[PDB]
Amino acid sequence: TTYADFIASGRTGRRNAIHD
Amino acid sequence: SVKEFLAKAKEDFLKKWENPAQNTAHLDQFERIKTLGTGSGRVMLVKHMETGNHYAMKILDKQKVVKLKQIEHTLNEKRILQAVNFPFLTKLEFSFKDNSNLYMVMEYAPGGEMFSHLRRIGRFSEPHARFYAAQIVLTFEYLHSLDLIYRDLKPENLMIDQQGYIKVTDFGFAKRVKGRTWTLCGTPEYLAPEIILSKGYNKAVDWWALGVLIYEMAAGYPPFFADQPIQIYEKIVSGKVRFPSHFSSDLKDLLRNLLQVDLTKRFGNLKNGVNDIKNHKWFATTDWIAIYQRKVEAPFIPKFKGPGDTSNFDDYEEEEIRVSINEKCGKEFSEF
Ligand SMILES: Cc1n[nH]cc1-c1ccc(CCN)cc1
């Protein structure tokens, strides 16, 4: 499932901002 | 009228914008309690000894700011936050600086980040999500009326207060701009297609970010995710989004319009502006003045303990607040 794929991903924690 | 409210709000804002408050406190007036968040700067729970009030204090290392090329953005953040006043914004109570650091003291929200509660519960009900979304709609209406673009919407930047209403925090990318801007900034999952494709862009990127947020709140995961940002950018620019089977027809339609790659068709960025969002069927039950007044029952209210209780926040390593004997970067932050 999409949920399962999410929870197994490396992006379930707090997401840092980006910038140049 | 909203017109009437916003016109006075702007008058109030403009005076503070043109004459910013400066040097309204000192570090030694606060007891440091706990670090509520850290990256790049950090935020601590503190207690103002003279009142006994609890606040959240953002601490930025001036040298680190210079290295990240964030001098102007930091100056934006403080100047804007000292000037604004809205129920769903974290209010700047004091600011100051010493030899090493910049300091911004804001109202403390003991309910924690929405991120925490969202990840734990999994997903929010459409009514729960609608409650939060409405406050974001009103906050953006206010911000945009003052020519302010926000550029940092995510659950990590939305605090829950003791009444279960939200506060939008982290103004590090906020900027007063009429017309278009170009800075590559934000969070991968929340970046509008314009930004990824190095186009000039406008406040439409905030309405797109609302689309990502509502989707994530209601689904429990973002509409575009992968292990690496590059992969996430490919999906955002693709022009395709899939909704869970449990999403209502009205929600799907709202999101298709908010998550529109076509700027001429993107809700919030059309001739009628924010009323296209406000008058959508998904917000049909929303009493917008009642949201603003906070008369509506919160669908979730954080567990009350002591006034400086931090159990709705995660634990971070506690590092010193070091103050050099030599002044750093004085010229760069003179107006702070
Ligand atoms: C400004 C504020 N008031 N109450 C809590 C805060 C806060 C905590 C943590 C963070 C870091 C992540 N956004 C910001 C603000």
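Think of each number as a place in line: the chain as shown, counted from 1.
Using N, Cα and C of the backbone, Cβ positions are placed for all residues, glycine too.
Residues or ranges marked as site 'Important for inhibition' in Swiss-Prot: A:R11 (among others). Using a 10 Å Cβ-Cβ cutoff, A:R11 (site 'Important for inhibition') registers 17 neighbours. Under DSSP, A:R11 (site 'Important for inhibition') is assigned to coil, being neither helix nor strand in the three-state scheme.
For A:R14 (site 'Important for inhibition'), the count of additional Cβ atoms within 10 Å of its Cβ stands at 17 [all protein chains shown]. Taken from Swiss-Prot, the feature site 'Important for inhibition' covers A:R14 (among others).
According to Swiss-Prot, the site 'Important for inhibition' annotation covers A:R15 (among others). Long-range Cβ neighbours of A:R15 (site 'Important for inhibition') (same chain, at least 6 residues apart, Cβ-Cβ under 8 Å): none.
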